[PDB]
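I have placed the structure first, in the form of structure tokens, so that the comments after it can refer back to it.
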Amino acid sequence: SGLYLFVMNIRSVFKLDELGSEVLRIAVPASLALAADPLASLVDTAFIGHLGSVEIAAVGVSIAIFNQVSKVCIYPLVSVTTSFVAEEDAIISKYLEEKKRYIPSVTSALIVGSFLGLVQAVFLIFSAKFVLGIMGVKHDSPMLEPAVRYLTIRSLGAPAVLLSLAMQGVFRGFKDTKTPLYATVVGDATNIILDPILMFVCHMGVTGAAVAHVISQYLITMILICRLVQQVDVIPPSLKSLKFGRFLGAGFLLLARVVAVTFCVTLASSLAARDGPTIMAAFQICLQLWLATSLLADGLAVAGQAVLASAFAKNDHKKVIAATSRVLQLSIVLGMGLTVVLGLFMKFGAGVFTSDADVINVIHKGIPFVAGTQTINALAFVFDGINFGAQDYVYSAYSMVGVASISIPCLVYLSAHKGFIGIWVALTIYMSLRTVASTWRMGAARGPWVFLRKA
């Protein structure tokens, strides 16, 4: 059994050797870029918070529209490209040939991102009134006008947004998270700078905030594409040299997988909402705490994926094994550390979020789940990176379908029976199912780990 990989070289968890330096070198910048958007967006939130009462709820619903539409079109387009570029960049016979280099995954991802980005752009421009009526914004309500304005304008950035996300998948294929991190920082500072200039000095309000974000997003796309064309070639030499069927298929497998994962969390929230606003608010806080702390290991999972995708591309079973073990031990360490920190923060900083004693008390009731399964969470996310470095997409798809089929009845039953604590028990069952699904793929020496029966 492949479970021994969890403890192999455990005297070298923190060693800054080639593997340790590389994993740290790939993982830390990605985490930083994932952490830079929330802070820059919170600065944006502040600027809009000084506009008016309708504008936040107007812009906020407009933003809620974008963020989910993207997450559908983000996770596949980036997790497929990080592996399909890291594969083709690791066997492209690269040598002292001067004529840069064409990678079909790089060209394929840019096309898919550009198409989806303009498609989302047009769609959210024309169905703005429609989606907003869907989004609980009444048509007679005052929110609808600035929401439509901000939505329609910010949808100009949708092409650049999805294109730069494809390019982050590309640059992750090259094991370069610094380039997306630099681009993200640059755009976010520019947007934090452009927000007061346009919203307030130009008297544009929600139009100003949207123009600030769109200009900054197109700057980030520009930065990424200049660095990307200087490193490799993005034009295909012939129109037949584009690997597309394989590309879109992994994307749709990962898209179906994400739909299931997000729907499990969607049901939990829609079930907590049926338990009074106190349970409503407390579960929402717990859930953001739960998931946000999992988002740290996301750079670690990218490093593991890129390294394993490059290594599986070169028949290098020895580094595959070392890197798998390394990121796995790092993930469990981070999970336990986040367990400690998040539990402590929840008990003594609930009052940072809410001024309600009831909400804080329910938050304190739920601390064990949100804090306990943090090691399960880190393992679940890092194994996704690992099994994506193994490029096991059909298993991911059908395994999450099964985890949801087991977890969704758990949610419904446990929630209606024991409310807040029952939803959290169900979510623990689901996360334990997730972790066990991914770990079985590796440890059982089945699929992309069949070679383990020979080591």
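Chain lettering (A, B, ...) mirrors the order of the structure tokens, residue numbering begins at 1 for each chain separately, and ligand numbering begins at 1 in order of display.
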
Checklist line | Contact residues around residue A:425 with only C-alpha atoms at 9 Å, ignoring same-chain residues under 4 positions, as a list in words | finding: residues 369, 410, 411, 414, 415, 420, 421, 429 and 430 of chain A

At most 8 Å is the cut-off: for each residue in stretch 251-354 of chain A with any atom that close to an atom of stretch 63-77 of chain A, write down the nearest atom pair and the distance in Å rounded to one decimal, counting only C-alpha atoms, chain first then increasing number, as JSON lines.
```
{"residue": "A:251", "atom": "CA", "partner": "A:76", "partner_atom": "CA", "distance": 4.7}
{"residue": "A:252", "atom": "CA", "partner": "A:76", "partner_atom": "CA", "distance": 7.1}
{"residue": "A:254", "atom": "CA", "partner": "A:76", "partner_atom": "CA", "distance": 5.2}
{"residue": "A:255", "atom": "CA", "partner": "A:76", "partner_atom": "CA", "distance": 5.5}
{"residue": "A:258", "atom": "CA", "partner": "A:72", "partner_atom": "CA", "distance": 7.4}
{"residue": "A:259", "atom": "CA", "partner": "A:72", "partner_atom": "CA", "distance": 7.6}
```

If we count only C-alpha atoms, what is near residue A:409 at a cut-off of 12 Å, once residues fewer than 4 positions away on the same chain are taken out, given as a compact mmCIF listing (two decimals) with N, CA and C atoms, in the first residue's frame?
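In the end it all went to out.txt:
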```
# COMPACT_ATOMS: atom_id res chain seq x y z
N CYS A 264 -22.54 20.92 -2.44
CA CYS A 264 -22.56 20.45 -1.06
C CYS A 264 -22.53 21.61 -0.08
N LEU A 267 -25.93 23.58 -0.26
CA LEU A 267 -27.02 23.01 0.52
C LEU A 267 -26.86 23.31 2.00
N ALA A 268 -25.63 23.22 2.52
CA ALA A 268 -25.40 23.50 3.94
C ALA A 268 -25.85 24.91 4.31
N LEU A 271 -29.58 25.22 4.17
CA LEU A 271 -30.17 24.52 5.31
C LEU A 271 -29.98 25.28 6.61
N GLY A 402 -19.81 10.65 -5.97
CA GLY A 402 -20.13 9.74 -4.88
C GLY A 402 -20.10 10.39 -3.51
N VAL A 403 -19.10 11.25 -3.27
CA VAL A 403 -19.02 11.92 -1.97
C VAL A 403 -20.23 12.82 -1.76
N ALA A 404 -20.70 13.47 -2.83
CA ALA A 404 -21.91 14.29 -2.74
C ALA A 404 -23.15 13.44 -2.53
N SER A 405 -23.26 12.32 -3.25
CA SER A 405 -24.41 11.42 -3.09
C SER A 405 -24.51 10.90 -1.66
N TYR A 413 -30.69 15.29 6.30
CA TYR A 413 -31.11 14.61 7.52
C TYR A 413 -30.55 15.29 8.76
N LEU A 414 -29.22 15.38 8.86
CA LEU A 414 -28.60 15.91 10.07
C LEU A 414 -29.01 17.35 10.34
N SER A 415 -29.20 18.15 9.28
CA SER A 415 -29.55 19.56 9.47
C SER A 415 -30.94 19.69 10.06
N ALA A 416 -31.95 19.12 9.40
CA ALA A 416 -33.31 19.18 9.92
C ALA A 416 -33.41 18.59 11.32
N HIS A 417 -32.53 17.65 11.67
CA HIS A 417 -32.58 17.02 12.99
C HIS A 417 -31.80 17.78 14.06
N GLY A 422 -25.69 19.99 13.39
CA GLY A 422 -25.90 18.89 12.46
C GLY A 422 -25.36 19.20 11.07
N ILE A 423 -25.52 20.44 10.62
CA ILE A 423 -24.90 20.87 9.36
C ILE A 423 -23.39 20.74 9.42
N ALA A 426 -22.43 17.11 9.18
CA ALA A 426 -22.55 16.68 7.79
C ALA A 426 -21.38 17.17 6.96
N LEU A 427 -20.95 18.42 7.18
CA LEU A 427 -19.83 18.97 6.43
C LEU A 427 -18.53 18.25 6.77
N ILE A 429 -18.44 15.03 7.60
CA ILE A 429 -18.58 13.77 6.87
C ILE A 429 -18.15 13.95 5.42
N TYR A 430 -18.57 15.05 4.81
CA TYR A 430 -18.24 15.33 3.41
C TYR A 430 -16.75 15.55 3.23
```

Item checked: Distance in Å - atom CA of residue A:191 versus atom CA of residue A:216 ->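 Interatomic distance, atom CA of residue A:191 to atom CA of residue A:216: 5.5 Å.
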
Margin query: For residue A:292, find every residue with an atom within 12 Å (counting only C-alpha atoms), except residues of its own chain fewer than 4 positions away, and show them as JSON, numbers by chain.
Written below: {"A": [31, 34, 35, 38, 284, 285, 286, 287, 288, 296, 297, 298, 338, 342, 370, 371, 374, 377, 378]}

Take the residues just selected and output them with N, CA, C and O atoms as a PDB file, in the first residue's frame.
```pdb
ATOM      1  N   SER A  31       0.212  31.586  -2.917  1.00  0.00           N
ATOM      2  CA  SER A  31      -0.593  31.934  -1.754  1.00  0.00           C
ATOM      3  C   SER A  31      -0.684  33.442  -1.597  1.00  0.00           C
ATOM      4  O   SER A  31      -1.747  33.980  -1.265  1.00  0.00           O
ATOM      5  N   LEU A  34      -3.137  34.765  -4.033  1.00  0.00           N
ATOM      6  CA  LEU A  34      -4.482  34.424  -3.594  1.00  0.00           C
ATOM      7  C   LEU A  34      -4.897  35.264  -2.391  1.00  0.00           C
ATOM      8  O   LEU A  34      -6.092  35.493  -2.180  1.00  0.00           O
ATOM      9  N   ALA A  35      -3.930  35.753  -1.613  1.00  0.00           N
ATOM     10  CA  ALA A  35      -4.215  36.604  -0.466  1.00  0.00           C
ATOM     11  C   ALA A  35      -4.223  38.090  -0.803  1.00  0.00           C
ATOM     12  O   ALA A  35      -4.706  38.888   0.009  1.00  0.00           O
ATOM     13  N   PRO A  38      -8.101  39.490  -1.886  1.00  0.00           N
ATOM     14  CA  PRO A  38      -9.024  39.861  -0.799  1.00  0.00           C
ATOM     15  C   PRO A  38      -8.710  41.193  -0.151  1.00  0.00           C
ATOM     16  O   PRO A  38      -9.628  41.944   0.194  1.00  0.00           O
ATOM     17  N   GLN A 284     -22.629  31.338   8.691  1.00  0.00           N
ATOM     18  CA  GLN A 284     -21.928  32.021   7.612  1.00  0.00           C
ATOM     19  C   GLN A 284     -20.529  32.412   8.052  1.00  0.00           C
ATOM     20  O   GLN A 284     -19.558  32.212   7.313  1.00  0.00           O
ATOM     21  N   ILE A 285     -20.403  32.932   9.273  1.00  0.00           N
ATOM     22  CA  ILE A 285     -19.089  33.289   9.794  1.00  0.00           C
ATOM     23  C   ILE A 285     -18.215  32.049   9.916  1.00  0.00           C
ATOM     24  O   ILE A 285     -17.061  32.036   9.475  1.00  0.00           O
ATOM     25  N   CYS A 286     -18.765  30.977  10.486  1.00  0.00           N
ATOM     26  CA  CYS A 286     -17.983  29.757  10.646  1.00  0.00           C
ATOM     27  C   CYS A 286     -17.532  29.224   9.294  1.00  0.00           C
ATOM     28  O   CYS A 286     -16.384  28.791   9.137  1.00  0.00           O
ATOM     29  N   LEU A 287     -18.419  29.270   8.300  1.00  0.00           N
ATOM     30  CA  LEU A 287     -18.085  28.719   6.995  1.00  0.00           C
ATOM     31  C   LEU A 287     -16.987  29.519   6.309  1.00  0.00           C
ATOM     32  O   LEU A 287     -16.087  28.939   5.693  1.00  0.00           O
ATOM     33  N   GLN A 288     -17.045  30.851   6.389  1.00  0.00           N
ATOM     34  CA  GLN A 288     -15.965  31.655   5.825  1.00  0.00           C
ATOM     35  C   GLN A 288     -14.647  31.397   6.548  1.00  0.00           C
ATOM     36  O   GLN A 288     -13.599  31.274   5.909  1.00  0.00           O
ATOM     37  N   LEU A 296      -5.049  28.803   2.383  1.00  0.00           N
ATOM     38  CA  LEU A 296      -3.604  28.966   2.530  1.00  0.00           C
ATOM     39  C   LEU A 296      -2.852  27.835   1.848  1.00  0.00           C
ATOM     40  O   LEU A 296      -1.870  28.067   1.138  1.00  0.00           O
ATOM     41  N   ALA A 297      -3.304  26.601   2.057  1.00  0.00           N
ATOM     42  CA  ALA A 297      -2.679  25.409   1.500  1.00  0.00           C
ATOM     43  C   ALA A 297      -2.775  25.395  -0.019  1.00  0.00           C
ATOM     44  O   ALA A 297      -2.252  24.488  -0.675  1.00  0.00           O
ATOM     45  N   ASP A 298      -3.444  26.397  -0.594  1.00  0.00           N
ATOM     46  CA  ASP A 298      -3.713  26.360  -2.025  1.00  0.00           C
ATOM     47  C   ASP A 298      -2.456  26.618  -2.842  1.00  0.00           C
ATOM     48  O   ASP A 298      -2.295  26.044  -3.925  1.00  0.00           O
ATOM     49  N   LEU A 338      -3.002  25.590  11.536  1.00  0.00           N
ATOM     50  CA  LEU A 338      -4.230  26.348  11.311  1.00  0.00           C
ATOM     51  C   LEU A 338      -5.331  25.914  12.266  1.00  0.00           C
ATOM     52  O   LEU A 338      -6.151  26.739  12.686  1.00  0.00           O
ATOM     53  N   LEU A 342      -6.822  28.885  14.297  1.00  0.00           N
ATOM     54  CA  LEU A 342      -8.200  29.248  13.984  1.00  0.00           C
ATOM     55  C   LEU A 342      -9.123  29.014  15.171  1.00  0.00           C
ATOM     56  O   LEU A 342     -10.002  29.838  15.447  1.00  0.00           O
ATOM     57  N   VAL A 370     -15.185  23.790  12.685  1.00  0.00           N
ATOM     58  CA  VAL A 370     -14.444  24.715  11.829  1.00  0.00           C
ATOM     59  C   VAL A 370     -12.949  24.659  12.107  1.00  0.00           C
ATOM     60  O   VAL A 370     -12.131  24.835  11.195  1.00  0.00           O
ATOM     61  N   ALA A 371     -12.564  24.384  13.351  1.00  0.00           N
ATOM     62  CA  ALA A 371     -11.156  24.310  13.717  1.00  0.00           C
ATOM     63  C   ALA A 371     -10.607  22.894  13.629  1.00  0.00           C
ATOM     64  O   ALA A 371      -9.434  22.715  13.281  1.00  0.00           O
ATOM     65  N   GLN A 374      -9.517  21.205  10.072  1.00  0.00           N
ATOM     66  CA  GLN A 374      -8.565  22.003   9.306  1.00  0.00           C
ATOM     67  C   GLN A 374      -7.456  21.136   8.718  1.00  0.00           C
ATOM     68  O   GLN A 374      -6.979  21.399   7.607  1.00  0.00           O
ATOM     69  N   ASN A 377      -8.998  19.493   5.880  1.00  0.00           N
ATOM     70  CA  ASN A 377      -9.128  20.444   4.777  1.00  0.00           C
ATOM     71  C   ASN A 377      -7.814  20.600   4.025  1.00  0.00           C
ATOM     72  O   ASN A 377      -7.779  20.514   2.792  1.00  0.00           O
ATOM     73  N   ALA A 378      -6.718  20.825   4.755  1.00  0.00           N
ATOM     74  CA  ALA A 378      -5.425  20.987   4.102  1.00  0.00           C
ATOM     75  C   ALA A 378      -5.066  19.749   3.295  1.00  0.00           C
ATOM     76  O   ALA A 378      -4.598  19.855   2.156  1.00  0.00           O
TER      77      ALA A 378
END
```

If we count only C-alpha atoms and set the cut-off at 10 Å, which residues sit around residue A:25, ignoring sequence neighbours fewer than 5 positions away in its own chain? Please answer as a short mmCIF file (atom, residue, chain, number, x, y, z; two decimals) with N, CA and C atoms, in the first residue's frame.
```cif
data_model
loop_
_atom_site.label_atom_id
_atom_site.label_comp_id
_atom_site.auth_asym_id
_atom_site.auth_seq_id
_atom_site.Cartn_x
_atom_site.Cartn_y
_atom_site.Cartn_z
N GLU A 18 16.67 20.84 -2.77
CA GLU A 18 16.08 21.18 -4.06
C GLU A 18 14.56 21.03 -4.02
N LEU A 19 14.08 19.90 -3.50
CA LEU A 19 12.63 19.71 -3.40
C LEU A 19 12.00 20.71 -2.44
N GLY A 20 12.59 20.88 -1.25
CA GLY A 20 12.04 21.81 -0.28
C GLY A 20 12.11 23.26 -0.74
N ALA A 30 2.15 31.92 -4.94
CA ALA A 30 0.76 31.66 -5.29
C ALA A 30 -0.17 31.98 -4.13
N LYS A 175 6.05 26.43 -13.57
CA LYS A 175 6.49 26.53 -12.18
C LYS A 175 6.90 27.96 -11.83
N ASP A 176 6.15 28.93 -12.35
CA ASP A 176 6.41 30.35 -12.10
C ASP A 176 5.14 30.99 -11.54
N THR A 177 5.04 31.02 -10.21
CA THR A 177 3.98 31.74 -9.52
C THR A 177 4.34 33.19 -9.22
N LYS A 178 5.61 33.55 -9.36
CA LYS A 178 6.03 34.93 -9.13
C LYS A 178 5.46 35.88 -10.18
N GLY A 299 -1.55 27.45 -2.34
CA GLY A 299 -0.25 27.57 -2.97
C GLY A 299 0.55 26.29 -2.85
N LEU A 300 0.49 25.66 -1.67
CA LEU A 300 1.15 24.37 -1.46
C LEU A 300 0.64 23.32 -2.44
N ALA A 303 2.16 24.04 -5.92
CA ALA A 303 3.53 23.56 -5.99
C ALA A 303 3.58 22.05 -6.19
#
```

Margin query: Between atom CA of residue A:314 and atom CA of residue A:163, what distance in Å does the model show, to one decimal?
Written below: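 So the two atoms, atom CA of residue A:314 and atom CA of residue A:163, lie 28.8 Å apart.
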
Next item on the list: Pick out each residue of stretch 106-227 of chain A that DSSP on the backbone tags as alpha helix (DSSP H); I need them as JSON, numbers by chain.
Entry: {"A": [106, 107, 108, 109, 110, 111, 112, 113, 114, 115, 116, 117, 118, 119, 120, 121, 122, 123, 124, 125, 126, 128, 129, 130, 131, 132, 133, 134, 144, 145, 146, 147, 148, 149, 150, 151, 152, 153, 154, 158, 159, 160, 161, 162, 163, 164, 165, 166, 167, 168, 169, 170, 171, 172, 173, 178, 179, 180, 181, 182, 183, 184, 185, 186, 187, 188, 189, 190, 191, 192, 193, 194, 195, 196, 205, 206, 207, 208, 209, 210, 211, 212, 213, 214, 215, 216, 217, 218, 219, 220, 221, 222, 223, 224, 225, 226, 227]}

Margin query: Report as a ChimeraX atom specification all protein, DNA and RNA residues lying within 12 Å of residue A:441, evaluated on only C-alpha atoms, omitting residues in the same chain fewer than 5 positions from it.
Written below: /A:1-3,383-384,386-388,390-396,398-399,434-436,446-450,452

Margin query: One decimal, in Å: what's the spacing between atom CA of residue A:125 and atom CA of residue A:224?
Written below: 25.5 Å

Margin query: For a quick check of understanding, using only C-alpha atoms, which of A:14, A:174, A:47, A:244 has the smallest distance to residue A:109?
Written below: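 Distance minimum relative to residue A:109 lands on A:244.
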
Margin query: At a cut-off of 7 Å, using only C-alpha atoms, what residues contact stretch 84-91 of chain A? Leave out same-chain residues fewer than 4 positions from it and give the result as a PyMOL selection string.
Written below: chain A and resi 80+103+105-106+170+173-174+306+309-310+313-314
